[PDB]
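Asks: model the structure of this input:
(one chain, ligands or ions: 1)
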Amino acid sequence: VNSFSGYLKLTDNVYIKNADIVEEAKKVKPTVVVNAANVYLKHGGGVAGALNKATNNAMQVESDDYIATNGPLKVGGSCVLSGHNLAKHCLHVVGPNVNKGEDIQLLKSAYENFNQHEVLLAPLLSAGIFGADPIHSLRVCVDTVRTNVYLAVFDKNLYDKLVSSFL
Ligand SMILES: Cc1oc(C(N)=O)cc1S(=O)(=O)Nc1cnc(Cl)c(C#N)c1
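Replies: Numbers count the residues shown, from 1 in each chain. Shown next is the protein structure:
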């Protein structure tokens, strides 16, 4: 039993809710919240901009030190950093950005990072400003992640479409 509430069950291990991931994290304080990161950990907009703003920019400060030490992530890769006031940990995961021409097959590699964590609160990778089809992203999620994932979808219209088209 865990504290996630109001989610629709899609599969054995994947759950989904129309929710603001920032507000969801603030209320649940999950062990892991996933950020929709880029390779530079520049949290300017989308989910990343919202999460960073909620930390009063502490996420960005920590991220800049991480990059200065380690260099950029790989597309499809991840790193674990602090969750600040939102979660114990933040798993920064880089899905491909179609608006940069990155290969969409890297989306499966991105979701594989979730399997290193038993339970996660997460957005749909490569959705929103990353330019992928969220229905495709949900399919890859369900077919790749084996751990327990609670997906927060900000847009109600999109949430209803994801549910209604789910196979
Ligand atoms: C309102 C909205 O539109 C779309 C769309 N496909 O156009 C997605 C969303 S979201 O807010 O519900 N989830 C979301 C938002 N931002 C980002 Cl960067 C990601 C990722 N990775 C995921």
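Asks: for this structure, what spans make up the strands?
Replies: Using DSSP state E, the strands found in the chain span residues 8-9, 14-18, 32-36, 78-82, 89-93, 119-122, 148-153.
Asks: how far does the shortest one sit from its chain's centre?
Replies: Okay, so that is strand 8-9. 18 Å (Cα atoms, centre = their mean, to the nearest Å).
Asks: list the neighbouring strands of that strand plus their orientation.
Replies: strand 14-18 (antiparallel) (DSSP bridges).
Asks: can you list contacts of the strand it pairs with?
Replies: 4, 6-10, 24, 138, 141-142, 145, 148-156, 159-160, 162-163 (Cβ atoms under 8 Å, 6 or more residues apart in numbering). Every C-beta, even on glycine, is put in place using the N, C-alpha and C of the backbone.
Asks: recalculate using a threshold of 6 Å.
Replies: 6-10, 142, 149-153, 156, 159 (Cβ atoms under 6 Å, 6 or more residues apart in numbering).
Asks: buried among those? Make that a PyMOL selection.
Replies: Buried residues among the contacts of strand 14-18 (16 or more other Cβ atoms under 10 Å), as a PyMOL selection:
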select buried, resi 7+10+142+149+150+151+152+153+159
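Asks: residue 129 is in contact with residue 46, correct?
Replies: Yes. If you go by Cβ atoms under 6 Å, residue 46 and residue 129 touch, sitting 4.3 Å apart.
Asks: give me the neighbour count for the nearest residue to residue 26 once chain neighbours are set aside.
Replies: Leaving aside its chain neighbours, residue 26 sits nearest to residue 86 (6.3 Å; criterion: Cβ to Cβ, 6 or more residues apart in numbering). For residue 86, the count of nearby residues is 24 (other Cβ atoms under 10 Å).
Asks: one more: residue 21?
Replies: 25.
Asks: wait, what's in contact with the closest residue to it other than its chain neighbours?
Replies: Excluding its sequence neighbours, the residue lying closest to residue 21 (Cβ to Cβ, 6+ apart) is residue 152, at 4.0 Å. Each residue near residue 152 by Cβ under 6 Å, 6+ apart is listed here: 17, 19, 21, 24.
Asks: look through this structure and state the residue closest to the ligand.
Replies: residue 128 (2.3 Å; Cβ to the nearest ligand atom).
Asks: isn't that residue right up against residue 49?
Replies: No. Using Cβ under 6 Å, residue 128 is not in contact with residue 49; the gap is 10.5 Å.
Asks: so which of those two has more stuff around it?
Replies: residue 128 (20 against 15).
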